[PDB]
Amino acid sequence: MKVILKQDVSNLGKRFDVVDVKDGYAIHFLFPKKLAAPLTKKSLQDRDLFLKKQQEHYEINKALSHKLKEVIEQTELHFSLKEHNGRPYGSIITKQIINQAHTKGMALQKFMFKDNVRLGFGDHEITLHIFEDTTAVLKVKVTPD
Amino acid sequence: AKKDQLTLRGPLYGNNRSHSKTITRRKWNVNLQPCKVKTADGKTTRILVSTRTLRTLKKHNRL
RNA sequence: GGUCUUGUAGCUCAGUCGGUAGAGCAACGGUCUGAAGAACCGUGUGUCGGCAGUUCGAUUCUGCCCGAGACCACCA
RNA sequence: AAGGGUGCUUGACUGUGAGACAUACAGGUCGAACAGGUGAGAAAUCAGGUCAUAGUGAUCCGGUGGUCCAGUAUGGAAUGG
RNA sequence: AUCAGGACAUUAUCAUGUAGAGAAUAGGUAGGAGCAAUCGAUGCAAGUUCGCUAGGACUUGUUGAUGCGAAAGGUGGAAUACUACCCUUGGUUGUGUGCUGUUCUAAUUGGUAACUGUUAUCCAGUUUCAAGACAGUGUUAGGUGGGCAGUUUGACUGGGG
RNA sequence: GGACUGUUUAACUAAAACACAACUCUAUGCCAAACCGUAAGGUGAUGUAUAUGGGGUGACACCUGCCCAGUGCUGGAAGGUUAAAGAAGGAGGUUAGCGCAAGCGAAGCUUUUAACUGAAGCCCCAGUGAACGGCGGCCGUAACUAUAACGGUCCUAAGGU
RNA sequence: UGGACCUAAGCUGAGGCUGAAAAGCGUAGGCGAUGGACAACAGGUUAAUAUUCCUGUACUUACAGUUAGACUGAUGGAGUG
RNA sequence: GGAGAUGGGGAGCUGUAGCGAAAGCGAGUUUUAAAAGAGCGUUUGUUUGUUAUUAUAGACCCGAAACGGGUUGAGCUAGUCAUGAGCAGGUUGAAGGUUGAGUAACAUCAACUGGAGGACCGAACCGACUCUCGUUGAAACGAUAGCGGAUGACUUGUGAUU
RNA sequence: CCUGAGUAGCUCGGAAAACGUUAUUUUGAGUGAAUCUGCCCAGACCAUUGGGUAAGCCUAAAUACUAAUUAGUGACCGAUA
RNA sequence: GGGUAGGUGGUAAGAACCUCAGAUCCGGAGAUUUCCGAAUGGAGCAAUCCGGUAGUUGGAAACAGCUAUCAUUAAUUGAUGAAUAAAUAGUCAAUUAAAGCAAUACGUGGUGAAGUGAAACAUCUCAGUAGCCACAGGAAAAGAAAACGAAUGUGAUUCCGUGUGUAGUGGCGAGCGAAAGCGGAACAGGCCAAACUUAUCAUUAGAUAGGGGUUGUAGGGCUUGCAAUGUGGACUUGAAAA
C-alpha cells in the first residue's frame, strides 16, 4: 500500500520516513490529515530531505493553525430554524462548517472536521481537534421562525 | 468492455477443467476495482482500475 | 492400491489398558400360589475370527491373514 | 515299466541351436549336436521339469534390478537406451 | 484499525498409579547401598490436591537430634531413597499457528432520501440514511448439478428379440 | 364418467382430456423469494404474507389407516473421510575446498512431499409421508366342520384400515 | 379523407449504462390512429369526375388599416375536455 | 531468352561395404568366454519418357435422413397491450324496497315496483359434433342436410408486440 | 555516474511453438530482485566456456492478387457450350 | 489542341435546321449537375412533409420569390458555470478529421464448431478452417540482436529450392511436423529515453523548452586534446534534360 507517512509518532509506528512498515489498507495514507508524497528522489538525500521537511512543515503547521483558530474564533456562525410549533428540524452537521469555510476559503476535508450527527437549537459550543498539533473551539447560533 | 480506461487489457478466452477427454471454452474476467483517482483538478472519485495497475499505483505513490 | 473402522453364546447385546468371558431371548428344572395363572431363582450355551510375538500370566497390545462399511485414477 | 520304496544331490543349467512338424500371420511344437561349469552314479550315460495331449491375455504405457550404452558446449547430473 | 475468548506446541509446575500374598497404591528400567540432620527425624494439628474411605504429596505449628521398617538386612513375579528415562491425567502462566466473537470507519456496497445540472424516475457530484471490511466481484481449487451438450448401448442366430 | 358455462390435431379422434371454484403442502419479510436474459435491464409490482409463485387434487358431504428401512428433505454435532492451499522436516545434484584413490563437503539453485492445520459435502444421528414408495408368508386354535375371532413363529421399516 | 396538434402499447434515441466486437438497455427528447379539435348543405350537368366543377345560401380561423370599449396576462398553476 | 529448346547455375539426390540400439567398428558385425553356432554381408548402375497399380487431394460417377454457424420472417396460427364496434327478436322473473293481512311486535302470508344471471328460446355470428357428396372435384378443406353455443373464458376492424 | 521494474523470475491456470505446455515466446490471478561489477541463453538444473545486452521507437526490398487501362495469345468453348 | 465535308445516339422513311469562317468526332482542362441515398436542419414509408436563421424583391402586412447556413463525436480555442469561494461537470460559439461505399482478391487483430477419417467415437484430425466483427493500404504484416547455433562458424526481417517428409510429436493410430545447414531474390539501418547541461514552474518539478546521447570488439556522461568540412539519402524546394 504505502511506505511513507505524513506524520511522526502519533499513536503507532509508520513515521514520516522514507520506509515505513505496513499492515493492509490504512488511513495512514488515505486521510489528508496524514498522507504520503511520491518518493521520486530517493538515492541518499531523500531521508535528510524528509527530515528537514518534517521539522519545517511541523513549524509551519503550528503557525497556520494558530492563525486559523484566531480567524475562526473571531467570526460568527448563525443559522435559522424552519420549525413547526416550536419543534426543531434543522440539520447541524459538517455541512455548515464547510459552508462557512468556503465563504472564508481555507483548505479542509470533510473527514478532518469530525462532527457529531445531531440537531441543535439555541447557542451552543463545540470543542474539536483539527490536526495533531491543534485544539480548537467553534460556536453555533440559530434564530427561530 | 470489462476493463479500466487508463490501461487496455482485454479478457482472454480460454479453457476449463481439471479432468476430461474433451475441450470447452470460458473467459477470464479481469478483476476490476472501483477506487478514487488522483489529479490536481476536479474529478477525483470512483473509477474502475485493474488490480496490477492498482499495485503499480501504490508503489509509484500515485496517491 | 492406500487412508479409518468393525469380528464375542444356540440367536441379540456386553467388554476394568494385563491383571476377568458377563444381561435378554432359544431349551429344561425348581420356587412362590386354594387352583389355573402369573412372576422369578436359575443346569446349560463362553479357546471372546484365526495365525506368530509381548507380558508372572492376553478376549482388548504389536505384526500378518481372513469376513466385511466408508474418500481417492486421466495429455487441451 | 512311465508302478511302488530307499539313498544321493538339486539340470525345474547357461550361451546356443543346423534340422524338421504344421503352418494367413503373429503365434505354437520337437529337438541332433557344440562350448562352459555342473549333480547322480565305478563306469555306462542321464539330466535343457513333471507320461503327454488342457492350465491362457498382443503392444504401447508405467514401475523394479543390473546396465561394457548414450548423455545436447563441456564435466557431471537429469534423462533415456 | 480494534480488543477479547477458546485450541495445537512445550518450557518450568506439582500431583499422577490395588489381582493375591505384598506390615505394601507396585508403572517399571539399571548404578546407589545412601542421605534429610542450625537449612533441623520417628510422631502428632489446621488447610490444599487426591483416590481405595483408603493411597500419596505440600505451607504454617509442634518433637527435638533422629532415623527413614520402603537406603542395607526383611518381605513381593515385578524393592525401595536419589540418580537419567520412557506413560499418565488436570490445572498454571511463556509465547508461535491459524480460528471465533468485538467495536470503529476508512476501503466497499447501496433498487434510502434530498439538492443542483435538468421542463428529467437515467446519470454526475455533495450530504444524508445505512450497512461495513461483512460483501459484490475477479481468480484458483472442491462439491452439487440430464436444466443442458457430445455421444455410447458386441456378436452368433433356420428373423430378431 | 365428468359438476357444469367454457377449451383444444386450420385438414381423419372432442373427450374418461384440459380448465375453474375450491382444497392441500411448500419458498420466500422485499434490491425480495421465481426467474427471463452472457451483465446492466425487466415482470411478480409504483407489489407488500388475506402478498407471491411453484407441487398435487379438482362441485357438495364424509374419511386421509400403517411403515423414516432406503430416496429426497430439516436440524445438529460426538467421531472418522476429505481436494485446493498454507509450510515441520527430509532427500537428490553441482562443487570452493578438505582432499593419496574413494569419499566428504560450505555456497546459490534446481528437483521433494511432506509434520500440522485445512471448508462444505460424505459416512453419523434426531425429525419429515394431501413428499418418493411399499403396505408379506407360514402354523394351529371355538363339542359335525368347511369357517378362524384368538394366539405363535421367519422376513422386513412395514404388513391394506 | 389525411399532414401542418398531441398522444395508446411501441419504436427510435443527444448524453448515459452495460457488454469480445457486433450489440443490448435506457434519461431528456422525437415519431407513431384505428382516439381526442376545428368552419357546407340543396340542386344542376359530361358518354367519363364531381359536396371538389357551376347556381344559391354561409361559416371559419390569421394577417393588415380602421372606428368604439378596454390593461392585460404565459411552456406557470387549476377546471375543462 | 519470340510468355520456347537450351546455356549457366553441385545446393542436394541414388550408388560406391555393411552390422547393430547405439556406443563402436567393419569384410565383419551382434551373442558370449568364445573367433564355435546362429544374424545379415562378402560390387551387382543411375536420368528420363510410356503403360499398370497405388498415396492424398470434391478423386469411376449421381443418391440421403442430418450437423453447426449466419440471415429472414407475427400480413397464417397462439399469446398479450391499445383502440373500437356489433351481437335480430322473444322468454325468465333473484333480491331489494313499498302496501296490506297477520302477530304484543316478529315469524309468516297476499301482493305491487324492480331487474339478476360464465340464464334460456333462438337470427346475423362463431365453431365444426353427425351421415351423404366429391375426394388425379367447382374447391390443396369444402357443398347439401342437420347440430351446439350465441350479453359473455363472445367475436372480430385496425395498430403493436412476442 | 546512466544504459528502459510489478520487469525478469517463481506458484497456480493457460496459450504458440514440430510440441499434443517442456527449456523458448505470451499472460489471467498471486507474489516478487539485481544492475555490464551483473542479467539471460547454449530444450531439467549446477560448474567452465562462449554469445550477445532483452524489460524503448521506426524502417523501402524478398512478396501475395487482378476489379482497371492498352496490346495480345490460346494442340480455349463455339448458342444444350 | 487534332482533324473534317456533313450530321441531327439504335430500330432511319419523312420532317426542320444549321455546315466549307471548321462543325460532327478524339483527347486535355473545365463550368454546371434535380431528388433520395454515409444523407447530416427536423421527421418519416428513397425518390415525401414541416422547417429555422441571415439577407434580398413585391406588396400596409400576412405571405410569397432567389442565395448561404442550422447533425454528431473527438481534439484544440474562447466565453461559460451549480454543492462549494475557487474549482468542477455541464452549456454555447469557432477551427480541424470523420461517419459511407467497394477490388467478392490479398493484411492483421479479435471471435470462433460441426459433420470428417480414424471403418464406432469422446482423443488427434477436419483448422484456427468456415463464418462473423473491427481497423487497413496499395499492398500489409514482419523486421535490427538477452539473434543463432556449436564452431578456428555466421551476423536485420520475408519469400523461393534442397535439407525432408527427416529429428521429433502423438487413444505412440489418423496423422502432424520442423528448426538449423546449404543454394538464390534484395540487402540501410537509423531514431528516443536514461546519465549531465541551459530557463520557467510556490526550485518539495516529479513538467515543459533546448543542447549531449543513441550500445558489446561496451558505449555514453566527466575534465580535455588531436584531426576535419567529408558522404549518404529513407527525404523540402524550385531549374534543367530526357
# chains A, B, ... in the order shown; residues from 1 in each chain; ligands from 1
>>> interface_residues(of="chain C", to="chain B", cutoff="12 Å", atoms="only C-alpha atoms (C1' of nucleotides)", output="PDB file with N, CA, C and O atoms (P, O5', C5', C4', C3', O3' and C1' of nucleotides), in the first residue's frame")
ATOM      1  P     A C  73      -9.520 -39.129  -8.108  1.00  0.00           P
ATOM      2  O5'   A C  73      -8.638 -40.158  -8.944  1.00  0.00           O
ATOM      3  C5'   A C  73      -7.420 -39.755  -9.553  1.00  0.00           C
ATOM      4  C4'   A C  73      -7.074 -40.646 -10.719  1.00  0.00           C
ATOM      5  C3'   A C  73      -8.117 -40.713 -11.827  1.00  0.00           C
ATOM      6  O3'   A C  73      -7.993 -39.650 -12.759  1.00  0.00           O
ATOM      7  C1'   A C  73      -7.445 -42.907 -11.228  1.00  0.00           C
ATOM      8  P     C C  74      -8.784 -38.266 -12.540  1.00  0.00           P
ATOM      9  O5'   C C  74      -8.846 -37.618 -13.996  1.00  0.00           O
ATOM     10  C5'   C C  74      -7.805 -36.778 -14.480  1.00  0.00           C
ATOM     11  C4'   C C  74      -6.832 -37.553 -15.332  1.00  0.00           C
ATOM     12  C3'   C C  74      -6.549 -37.000 -16.723  1.00  0.00           C
ATOM     13  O3'   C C  74      -5.605 -35.938 -16.728  1.00  0.00           O
ATOM     14  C1'   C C  74      -6.934 -39.338 -16.846  1.00  0.00           C
ATOM     15  P     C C  75      -5.847 -34.627 -17.634  1.00  0.00           P
ATOM     16  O5'   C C  75      -4.712 -34.703 -18.757  1.00  0.00           O
ATOM     17  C5'   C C  75      -4.320 -33.561 -19.517  1.00  0.00           C
ATOM     18  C4'   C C  75      -3.036 -33.832 -20.268  1.00  0.00           C
ATOM     19  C3'   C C  75      -2.656 -32.874 -21.391  1.00  0.00           C
ATOM     20  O3'   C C  75      -2.008 -31.704 -20.913  1.00  0.00           O
ATOM     21  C1'   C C  75      -2.393 -35.120 -22.118  1.00  0.00           C
ATOM     22  P     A C  76      -1.513 -30.545 -21.918  1.00  0.00           P
ATOM     23  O5'   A C  76      -2.844 -30.028 -22.613  1.00  0.00           O
ATOM     24  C5'   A C  76      -2.780 -29.113 -23.697  1.00  0.00           C
ATOM     25  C4'   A C  76      -3.914 -29.331 -24.664  1.00  0.00           C
ATOM     26  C3'   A C  76      -4.460 -28.061 -25.309  1.00  0.00           C
ATOM     27  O3'   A C  76      -4.044 -27.960 -26.666  1.00  0.00           O
ATOM     28  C1'   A C  76      -6.215 -29.265 -24.160  1.00  0.00           C
TER      29        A C  76
END
>>> closest_atom_pairs(of="chain B", to="chain J", cutoff="12 Å", atoms="only C-alpha atoms (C1' of nucleotides)", output="JSON lines")
{"residue": "B:10", "atom": "CA", "partner": "J:110", "partner_atom": "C1'", "distance": 9.8}
{"residue": "B:11", "atom": "CA", "partner": "J:110", "partner_atom": "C1'", "distance": 10.8}
{"residue": "B:12", "atom": "CA", "partner": "J:110", "partner_atom": "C1'", "distance": 10.0}
{"residue": "B:13", "atom": "CA", "partner": "J:111", "partner_atom": "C1'", "distance": 9.4}
{"residue": "B:14", "atom": "CA", "partner": "J:112", "partner_atom": "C1'", "distance": 11.8}
{"residue": "B:20", "atom": "CA", "partner": "J:122", "partner_atom": "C1'", "distance": 9.0}
{"residue": "B:21", "atom": "CA", "partner": "J:122", "partner_atom": "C1'", "distance": 6.4}
{"residue": "B:22", "atom": "CA", "partner": "J:122", "partner_atom": "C1'", "distance": 6.4}
{"residue": "B:23", "atom": "CA", "partner": "J:122", "partner_atom": "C1'", "distance": 9.9}
{"residue": "B:24", "atom": "CA", "partner": "J:113", "partner_atom": "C1'", "distance": 11.0}
{"residue": "B:25", "atom": "CA", "partner": "J:112", "partner_atom": "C1'", "distance": 10.5}
{"residue": "B:40", "atom": "CA", "partner": "J:87", "partner_atom": "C1'", "distance": 10.0}
{"residue": "B:41", "atom": "CA", "partner": "J:87", "partner_atom": "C1'", "distance": 7.2}
{"residue": "B:42", "atom": "CA", "partner": "J:88", "partner_atom": "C1'", "distance": 5.0}
{"residue": "B:43", "atom": "CA", "partner": "J:88", "partner_atom": "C1'", "distance": 7.1}
{"residue": "B:44", "atom": "CA", "partner": "J:88", "partner_atom": "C1'", "distance": 10.3}
{"residue": "B:60", "atom": "CA", "partner": "J:206", "partner_atom": "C1'", "distance": 11.0}
{"residue": "B:61", "atom": "CA", "partner": "J:206", "partner_atom": "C1'", "distance": 11.1}
{"residue": "B:62", "atom": "CA", "partner": "J:206", "partner_atom": "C1'", "distance": 11.0}
>>> residues_around(residues="residue 36 in chain G", least_positions_apart="6", cutoff="10 Å", atoms="only C-alpha atoms (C1' of nucleotides)", output="PDB file with C-alpha atoms (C1' of nucleotides), in the first residue's frame")
ATOM      1  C1'   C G   6     -50.968  15.742 -29.019  1.00  0.00           C
ATOM      2  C1'   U G   7     -50.970  11.062 -27.537  1.00  0.00           C
ATOM      3  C1'   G G  81     -62.438  18.279 -22.061  1.00  0.00           C
TER       4        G G  81
END
>>> select_by_dssp(residues="chain B", states="strand (DSSP E)", output="VMD selection string")
chain B and resid 13 to 14 26 to 27 32 to 36 46 to 50
>>> residues_around(residues="residue 33 in chain I", least_positions_apart="6", cutoff="12 Å", atoms="only C-alpha atoms (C1' of nucleotides)", output="PDB file with N, CA, C and O atoms (P, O5', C5', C4', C3', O3' and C1' of nucleotides), in the first residue's frame")
ATOM      1  P     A I   5      11.892   0.927 -16.753  1.00  0.00           P
ATOM      2  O5'   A I   5      10.867  -0.256 -16.471  1.00  0.00           O
ATOM      3  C5'   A I   5      11.312  -1.478 -15.895  1.00  0.00           C
ATOM      4  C4'   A I   5      10.244  -2.106 -15.036  1.00  0.00           C
ATOM      5  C3'   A I   5       9.519  -1.144 -14.099  1.00  0.00           C
ATOM      6  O3'   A I   5       8.190  -1.627 -13.908  1.00  0.00           O
ATOM      7  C1'   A I   5      10.605  -2.791 -12.824  1.00  0.00           C
ATOM      8  P     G I   6       7.034  -0.677 -13.318  1.00  0.00           P
ATOM      9  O5'   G I   6       6.154  -1.678 -12.445  1.00  0.00           O
ATOM     10  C5'   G I   6       5.100  -2.425 -13.042  1.00  0.00           C
ATOM     11  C4'   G I   6       5.295  -3.915 -12.889  1.00  0.00           C
ATOM     12  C3'   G I   6       4.009  -4.739 -12.997  1.00  0.00           C
ATOM     13  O3'   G I   6       4.175  -5.963 -13.738  1.00  0.00           O
ATOM     14  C1'   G I   6       5.048  -5.143 -10.909  1.00  0.00           C
ATOM     15  P     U I   7       5.601  -6.641 -14.090  1.00  0.00           P
ATOM     16  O5'   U I   7       6.351  -5.602 -15.035  1.00  0.00           O
ATOM     17  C5'   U I   7       6.614  -5.911 -16.396  1.00  0.00           C
ATOM     18  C4'   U I   7       8.060  -6.286 -16.609  1.00  0.00           C
ATOM     19  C3'   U I   7       8.438  -7.720 -16.276  1.00  0.00           C
ATOM     20  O3'   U I   7       8.097  -8.638 -17.302  1.00  0.00           O
ATOM     21  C1'   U I   7      10.047  -6.247 -15.364  1.00  0.00           C
ATOM     22  P     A I   8       7.939 -10.204 -16.971  1.00  0.00           P
ATOM     23  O5'   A I   8       9.437 -10.728 -16.815  1.00  0.00           O
ATOM     24  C5'   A I   8      10.362 -10.639 -17.889  1.00  0.00           C
ATOM     25  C4'   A I   8      11.765 -10.956 -17.432  1.00  0.00           C
ATOM     26  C3'   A I   8      11.980 -12.367 -16.906  1.00  0.00           C
ATOM     27  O3'   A I   8      12.221 -13.292 -17.951  1.00  0.00           O
ATOM     28  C1'   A I   8      12.933 -10.800 -15.404  1.00  0.00           C
ATOM     29  P     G I   9      11.482 -14.715 -17.961  1.00  0.00           P
ATOM     30  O5'   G I   9      12.034 -15.433 -16.653  1.00  0.00           O
ATOM     31  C5'   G I   9      11.150 -15.845 -15.626  1.00  0.00           C
ATOM     32  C4'   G I   9      11.834 -15.870 -14.284  1.00  0.00           C
ATOM     33  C3'   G I   9      11.281 -16.877 -13.291  1.00  0.00           C
ATOM     34  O3'   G I   9      11.810 -18.173 -13.498  1.00  0.00           O
ATOM     35  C1'   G I   9      11.556 -14.776 -12.231  1.00  0.00           C
ATOM     36  P     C I  10      10.843 -19.384 -13.911  1.00  0.00           P
ATOM     37  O5'   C I  10      10.128 -19.770 -12.543  1.00  0.00           O
ATOM     38  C5'   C I  10      10.880 -19.916 -11.349  1.00  0.00           C
ATOM     39  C4'   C I  10      10.024 -19.688 -10.130  1.00  0.00           C
ATOM     40  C3'   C I  10       8.622 -20.268 -10.196  1.00  0.00           C
ATOM     41  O3'   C I  10       8.590 -21.657  -9.920  1.00  0.00           O
ATOM     42  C1'   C I  10       8.523 -18.053  -9.378  1.00  0.00           C
ATOM     43  P     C I  39      24.040 -12.598 -12.239  1.00  0.00           P
ATOM     44  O5'   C I  39      23.044 -12.046 -13.352  1.00  0.00           O
ATOM     45  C5'   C I  39      21.828 -11.399 -13.000  1.00  0.00           C
ATOM     46  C4'   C I  39      20.962 -11.188 -14.213  1.00  0.00           C
ATOM     47  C3'   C I  39      20.825 -12.395 -15.127  1.00  0.00           C
ATOM     48  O3'   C I  39      19.824 -13.289 -14.678  1.00  0.00           O
ATOM     49  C1'   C I  39      21.320 -10.469 -16.416  1.00  0.00           C
TER      50        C I  39
END
>>> residues_around(residues="range 62-68 of chain G", least_positions_apart="3", cutoff="8 Å", atoms="only C-alpha atoms (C1' of nucleotides)", output="ChimeraX atom specification")
/J:60-62
>>> write_last_selection(atoms="N, CA and C atoms (P, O5', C5', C4', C3', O3' and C1' of nucleotides)", output="PDB file, in the first residue's frame")
ATOM      1  P     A J  60     -49.542  47.779 -49.792  1.00  0.00           P
ATOM      2  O5'   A J  60     -48.265  47.517 -48.875  1.00  0.00           O
ATOM      3  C5'   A J  60     -47.558  48.592 -48.277  1.00  0.00           C
ATOM      4  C4'   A J  60     -47.813  48.650 -46.793  1.00  0.00           C
ATOM      5  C3'   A J  60     -47.701  47.324 -46.054  1.00  0.00           C
ATOM      6  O3'   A J  60     -46.365  46.989 -45.723  1.00  0.00           O
ATOM      7  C1'   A J  60     -49.719  48.386 -45.449  1.00  0.00           C
ATOM      8  P     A J  61     -45.629  45.771 -46.469  1.00  0.00           P
ATOM      9  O5'   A J  61     -45.829  44.535 -45.483  1.00  0.00           O
ATOM     10  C5'   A J  61     -45.555  44.657 -44.095  1.00  0.00           C
ATOM     11  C4'   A J  61     -46.636  44.015 -43.265  1.00  0.00           C
ATOM     12  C3'   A J  61     -46.757  42.503 -43.389  1.00  0.00           C
ATOM     13  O3'   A J  61     -45.849  41.818 -42.543  1.00  0.00           O
ATOM     14  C1'   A J  61     -48.898  43.494 -43.600  1.00  0.00           C
ATOM     15  P     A J  62     -45.120  40.479 -43.047  1.00  0.00           P
ATOM     16  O5'   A J  62     -46.275  39.381 -43.047  1.00  0.00           O
ATOM     17  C5'   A J  62     -46.943  39.022 -41.845  1.00  0.00           C
ATOM     18  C4'   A J  62     -48.226  38.285 -42.135  1.00  0.00           C
ATOM     19  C3'   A J  62     -48.094  37.043 -43.005  1.00  0.00           C
ATOM     20  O3'   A J  62     -47.735  35.888 -42.264  1.00  0.00           O
ATOM     21  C1'   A J  62     -49.847  38.405 -43.826  1.00  0.00           C
TER      22        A J  62
END
>>> interface_residues(of="chain E", to="chain B", cutoff="8 Å", atoms="only C-alpha atoms (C1' of nucleotides)", output="list in words")
residues 137, 138 and 139 of chain E
>>> write_last_selection(atoms="N, CA and C atoms (P, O5', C5', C4', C3', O3' and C1' of nucleotides)", output="PDB file, in the first residue's frame")
ATOM      1  P     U E 137     -21.767 -11.434  -7.361  1.00  0.00           P
ATOM      2  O5'   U E 137     -20.387 -10.983  -8.014  1.00  0.00           O
ATOM      3  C5'   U E 137     -20.343  -9.953  -8.990  1.00  0.00           C
ATOM      4  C4'   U E 137     -18.932  -9.490  -9.240  1.00  0.00           C
ATOM      5  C3'   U E 137     -17.928 -10.581  -9.560  1.00  0.00           C
ATOM      6  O3'   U E 137     -18.014 -11.036 -10.897  1.00  0.00           O
ATOM      7  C1'   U E 137     -16.994  -9.100  -7.979  1.00  0.00           C
ATOM      8  P     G E 138     -17.639 -12.557 -11.246  1.00  0.00           P
ATOM      9  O5'   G E 138     -16.052 -12.526 -11.360  1.00  0.00           O
ATOM     10  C5'   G E 138     -15.412 -11.530 -12.144  1.00  0.00           C
ATOM     11  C4'   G E 138     -13.930 -11.476 -11.885  1.00  0.00           C
ATOM     12  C3'   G E 138     -13.216 -12.808 -11.768  1.00  0.00           C
ATOM     13  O3'   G E 138     -12.990 -13.432 -13.019  1.00  0.00           O
ATOM     14  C1'   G E 138     -12.462 -11.357 -10.066  1.00  0.00           C
ATOM     15  P     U E 139     -13.124 -15.027 -13.156  1.00  0.00           P
ATOM     16  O5'   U E 139     -11.753 -15.576 -12.560  1.00  0.00           O
ATOM     17  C5'   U E 139     -10.507 -15.097 -13.046  1.00  0.00           C
ATOM     18  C4'   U E 139      -9.371 -15.507 -12.143  1.00  0.00           C
ATOM     19  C3'   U E 139      -9.320 -16.981 -11.775  1.00  0.00           C
ATOM     20  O3'   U E 139      -8.725 -17.778 -12.782  1.00  0.00           O
ATOM     21  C1'   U E 139      -9.036 -15.677  -9.828  1.00  0.00           C
TER      22        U E 139
END
>>> interface_residues(of="chain J", to="chain A", cutoff="12 Å", atoms="only C-alpha atoms (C1' of nucleotides)", output="VMD selection string")
chain J and resid 83 to 87 204 to 206
>>> write_last_selection(atoms="C-alpha atoms (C1' of nucleotides)", output="PDB file, in the first residue's frame")
ATOM      1  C1'   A J  83     -22.749  21.766  -3.813  1.00  0.00           C
ATOM      2  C1'   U J  84     -18.913  24.932  -2.924  1.00  0.00           C
ATOM      3  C1'   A J  85     -15.399  30.944  -2.837  1.00  0.00           C
ATOM      4  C1'   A J  86     -12.399  28.835  -6.293  1.00  0.00           C
ATOM      5  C1'   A J  87     -12.530  24.662  -8.985  1.00  0.00           C
ATOM      6  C1'   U J 204       9.415  19.817  -2.369  1.00  0.00           C
ATOM      7  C1'   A J 205       9.136  19.726 -10.824  1.00  0.00           C
ATOM      8  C1'   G J 206       8.390  14.594 -10.280  1.00  0.00           C
TER       9        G J 206
END
>>> interface_residues(of="chain G", to="chain B", cutoff="12 Å", atoms="only C-alpha atoms (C1' of nucleotides)", output="PDB file with N, CA and C atoms (P, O5', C5', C4', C3', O3' and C1' of nucleotides), in the first residue's frame")
ATOM      1  P     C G  17     -21.499   5.991 -18.655  1.00  0.00           P
ATOM      2  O5'   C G  17     -21.926   4.955 -17.522  1.00  0.00           O
ATOM      3  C5'   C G  17     -23.215   5.009 -16.928  1.00  0.00           C
ATOM      4  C4'   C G  17     -23.908   3.671 -16.980  1.00  0.00           C
ATOM      5  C3'   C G  17     -23.073   2.500 -17.467  1.00  0.00           C
ATOM      6  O3'   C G  17     -22.200   1.978 -16.482  1.00  0.00           O
ATOM      7  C1'   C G  17     -25.178   2.453 -18.529  1.00  0.00           C
ATOM      8  P     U G  18     -20.845   1.238 -16.925  1.00  0.00           P
ATOM      9  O5'   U G  18     -21.345  -0.138 -17.556  1.00  0.00           O
ATOM     10  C5'   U G  18     -22.054  -1.081 -16.766  1.00  0.00           C
ATOM     11  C4'   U G  18     -22.687  -2.161 -17.609  1.00  0.00           C
ATOM     12  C3'   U G  18     -21.752  -2.952 -18.507  1.00  0.00           C
ATOM     13  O3'   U G  18     -21.010  -3.933 -17.812  1.00  0.00           O
ATOM     14  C1'   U G  18     -23.686  -2.363 -19.720  1.00  0.00           C
ATOM     15  P     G G  19     -19.476  -4.200 -18.205  1.00  0.00           P
ATOM     16  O5'   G G  19     -19.563  -5.113 -19.511  1.00  0.00           O
ATOM     17  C5'   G G  19     -20.272  -6.344 -19.491  1.00  0.00           C
ATOM     18  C4'   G G  19     -20.663  -6.790 -20.878  1.00  0.00           C
ATOM     19  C3'   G G  19     -19.528  -6.993 -21.871  1.00  0.00           C
ATOM     20  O3'   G G  19     -18.870  -8.239 -21.712  1.00  0.00           O
ATOM     21  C1'   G G  19     -21.262  -5.760 -22.897  1.00  0.00           C
ATOM     22  P     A G  20     -17.270  -8.333 -21.840  1.00  0.00           P
ATOM     23  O5'   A G  20     -17.031  -9.147 -23.188  1.00  0.00           O
ATOM     24  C5'   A G  20     -17.237  -8.537 -24.453  1.00  0.00           C
ATOM     25  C4'   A G  20     -15.967  -8.502 -25.266  1.00  0.00           C
ATOM     26  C3'   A G  20     -16.015  -7.662 -26.533  1.00  0.00           C
ATOM     27  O3'   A G  20     -15.799  -6.284 -26.281  1.00  0.00           O
ATOM     28  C1'   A G  20     -15.034  -9.766 -27.007  1.00  0.00           C
ATOM     29  P     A G  21     -17.001  -5.229 -26.436  1.00  0.00           P
ATOM     30  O5'   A G  21     -17.137  -5.023 -28.009  1.00  0.00           O
ATOM     31  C5'   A G  21     -16.116  -4.374 -28.752  1.00  0.00           C
ATOM     32  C4'   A G  21     -16.153  -4.778 -30.204  1.00  0.00           C
ATOM     33  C3'   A G  21     -17.489  -4.598 -30.908  1.00  0.00           C
ATOM     34  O3'   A G  21     -17.704  -3.271 -31.356  1.00  0.00           O
ATOM     35  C1'   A G  21     -16.652  -6.755 -31.362  1.00  0.00           C
ATOM     36  P     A G  23     -23.747  -2.674 -34.120  1.00  0.00           P
ATOM     37  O5'   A G  23     -24.756  -3.184 -32.996  1.00  0.00           O
ATOM     38  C5'   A G  23     -25.623  -4.286 -33.227  1.00  0.00           C
ATOM     39  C4'   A G  23     -25.760  -5.135 -31.990  1.00  0.00           C
ATOM     40  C3'   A G  23     -26.701  -4.596 -30.924  1.00  0.00           C
ATOM     41  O3'   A G  23     -28.057  -4.910 -31.186  1.00  0.00           O
ATOM     42  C1'   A G  23     -24.656  -5.197 -29.918  1.00  0.00           C
TER      43        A G  23
END
>>> decode(residues="range 51-55 of chain B", atoms="N, CA and C atoms", output="PDB file, in the first residue's frame")
ATOM      1  N   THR B  51      -6.197  -4.548 -10.900  1.00  0.00           N
ATOM      2  CA  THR B  51      -5.523  -4.813  -9.632  1.00  0.00           C
ATOM      3  C   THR B  51      -4.018  -4.599  -9.749  1.00  0.00           C
ATOM      4  N   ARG B  52      -3.410  -5.148 -10.803  1.00  0.00           N
ATOM      5  CA  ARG B  52      -1.985  -4.930 -11.023  1.00  0.00           C
ATOM      6  C   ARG B  52      -1.695  -3.453 -11.252  1.00  0.00           C
ATOM      7  N   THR B  53      -2.585  -2.767 -11.973  1.00  0.00           N
ATOM      8  CA  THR B  53      -2.448  -1.325 -12.133  1.00  0.00           C
ATOM      9  C   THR B  53      -2.549  -0.619 -10.788  1.00  0.00           C
ATOM     10  N   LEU B  54      -3.457  -1.076  -9.920  1.00  0.00           N
ATOM     11  CA  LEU B  54      -3.526  -0.518  -8.575  1.00  0.00           C
ATOM     12  C   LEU B  54      -2.208  -0.690  -7.836  1.00  0.00           C
ATOM     13  N   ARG B  55      -1.617  -1.884  -7.902  1.00  0.00           N
ATOM     14  CA  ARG B  55      -0.377  -2.155  -7.177  1.00  0.00           C
ATOM     15  C   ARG B  55       0.762  -1.291  -7.707  1.00  0.00           C
TER      16      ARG B  55
END
